[PDB]
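Just one chain is shown here, as structure tokens, and it is the form deposited in one PDB entry.
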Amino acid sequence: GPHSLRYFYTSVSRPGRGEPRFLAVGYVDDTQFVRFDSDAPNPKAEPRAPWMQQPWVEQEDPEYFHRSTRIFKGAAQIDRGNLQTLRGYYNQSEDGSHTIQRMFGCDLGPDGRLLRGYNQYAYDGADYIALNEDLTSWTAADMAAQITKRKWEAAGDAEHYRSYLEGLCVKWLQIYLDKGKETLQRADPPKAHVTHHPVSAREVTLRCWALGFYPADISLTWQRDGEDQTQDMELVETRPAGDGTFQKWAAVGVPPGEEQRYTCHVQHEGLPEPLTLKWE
């Protein structure tokens, strides 16, 4: 189905506390597979999935890590530049710490071929500049971003992101997807169970738990005799278990005696048909 390769770059100036720190991680869908930190003593790109520590890497590209290392040092160095210029652009003082984030990558259609390219930036947490899916044109979010747009259009930088995306990005996404088949393409269904928690004489909380699933995408809902009550239910954000699987709970406070009128609804990629369940 729809798969994505994403890199996430964060640089943070630390006025007084030394030069900027660069961090980079790479993901395929919800699975991290590489990291880099410019504070590490002898800083290299490091595998962070098992399937990135298998011999296939050597044969596909014997220099894989040295290359990602090289790129990440460049990326780090450029952002040390950016943080000075953006200071300038926004006429900001020397003492404040500021943040530059880049997220770039590709999505695939279910055909296999490129669906969408991404290359987008934020400054101090807010939209700055982003490449349109024409892969020629930028959206600058403000007057400082306009300087950047004019610069990169005049210079024809979009072309380079286009060739990376059209060549490398899709190619490696497919490589990682095929090489990591058993972890990435093998979806784990959620294991759901309902728990009963008396929380007064007027309401006993019925909580629907969904656990050990991959990927993170999931819909948890409570229905009351066919009536979805998403507006009257408590539902946490999906959370990482710590073992590559995710967790989520939805809870409704019902009057005691009405337990069997509710039905928990679980929909998930790895489930054949949707789960429906209630108190024991």
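Only residues modelled in both forms are compared. Numbers follow the displayed sequence, beginning with 1. The term rigid core refers to the most C-alpha atoms you can superpose between the two forms while keeping them within 1.5 Å.
Absent from the display: the form deposited in another entry. The rest refers to it.
Per-residue Cα shift between the shown form and the other one after core alignment stays below 2 Å for all of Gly88, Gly74, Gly112, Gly167 except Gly112. In this overlay on the rigid core, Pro62 has a C-alpha that sits 2 Å or more away from its partner position between the shown form and the other one. The protein segments that move between the shown form and the other one, counted as runs of at least three consecutive residues with every Cα displaced by 2 Å or more relative to the fitted core, are 55-62, 109-113.
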